[PDB]
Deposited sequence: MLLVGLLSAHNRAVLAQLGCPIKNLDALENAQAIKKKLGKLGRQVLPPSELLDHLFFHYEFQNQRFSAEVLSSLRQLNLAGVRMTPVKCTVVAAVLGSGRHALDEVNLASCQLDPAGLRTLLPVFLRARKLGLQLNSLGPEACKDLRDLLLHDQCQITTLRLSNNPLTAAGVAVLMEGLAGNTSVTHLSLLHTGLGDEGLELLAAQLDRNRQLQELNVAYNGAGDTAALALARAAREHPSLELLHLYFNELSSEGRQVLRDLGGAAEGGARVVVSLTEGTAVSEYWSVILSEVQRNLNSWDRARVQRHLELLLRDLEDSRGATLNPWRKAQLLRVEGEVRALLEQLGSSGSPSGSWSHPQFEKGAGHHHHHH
């Protein structure tokens, strides 16, 4: 005869399952390769726990996703050991400002840094923020793909990148789309890119470019993207869903995302284009990550 209400009863059964499997699941944890906490409010305490339990392990973490986690500077510092384990680090939509950039800077300067992909989009970094970040990028050798989409850089921000870029020698992809920047800033950076030793791709769409500004960019092999007309197209939609995840019919949003995943698999299967396959597989990555979060 049951004394515990439904949710309290389930909590209780969880505890027992978790108690009985403690030794087995402890081993499983030390061998994790992926860590998705997108959409959970990472308070100081949760931050502390994640660093304690996962601050060390056998393998690198192929991916660490903390999109939309309401992360602050302090949480960042606490999570440093976990980030040092990461190859891909997603920190989008976390409200990070210049304060947090000092901590990222140190993460990038750290001898143990093995981050190849860093996504900092949809955080109000600021020009001040990026300047600080740039210094970390100056002494880093691991990072090949960096995203700064919609991070409040503006003119000042992009000119700073343009001037400083060549101090990093391994960066391959930089995304600076949607940052309120005008014609000359955009051009200075486009110029720096083409002169860069490693930089293969630069995103400049959704900035405040005039139509003549665009042509100049277009006419200027580091590849400059000035218009949305491919995986990036997708990124920005899925940015919206990630935003509104909590706000929508979960069961519906799940099926939109399942069909889109299926849809992506096949388009990937049925072209032989290397760069097409790579672009789709990227979108597969973002979609799987939203499903998980549901």
Relative to the deposited sequence, which regions have no modelled C-alpha positions in the structure? 1-42, 263-268, 278-281, 347-372
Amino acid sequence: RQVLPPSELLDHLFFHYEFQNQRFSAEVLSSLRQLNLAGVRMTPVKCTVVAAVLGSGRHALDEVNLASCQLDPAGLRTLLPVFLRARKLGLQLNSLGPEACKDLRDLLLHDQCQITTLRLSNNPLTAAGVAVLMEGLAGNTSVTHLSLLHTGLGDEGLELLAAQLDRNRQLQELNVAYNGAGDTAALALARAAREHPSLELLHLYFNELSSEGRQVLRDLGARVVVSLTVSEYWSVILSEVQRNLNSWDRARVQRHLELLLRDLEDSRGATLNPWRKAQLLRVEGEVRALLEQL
From here on, numbers count along this sequence of modelled residues.
Selected stretch [higher average CA B-factor]: 162-170 or 111-119: 162-170
With respect to the recorded C-alpha B factors, which stretch has the higher mean value, 268-276 or 12-20? 268-276
Looking at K102, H145, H203, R87, which has the highest Cα B-factor in the entry? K102
From the list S210, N175, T78, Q92, select the residue with the highest C-alpha B factor recorded in the entry. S210
Ordered by C-alpha B-factor within the chain, which third holds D249? Give me lowest, middle or highest, please. highest
Chain third (lowest, middle, highest) by recorded CA B-factor, residue given as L149: middle
The third of the chain into which the C-alpha temperature factor of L199 falls is the middle
Using the temperature factors of the C-alpha atoms in this entry, rank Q70 within its chain: lowest, middle or highest third. middle
Record-listed C-alpha B factor of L294: chain third: middle
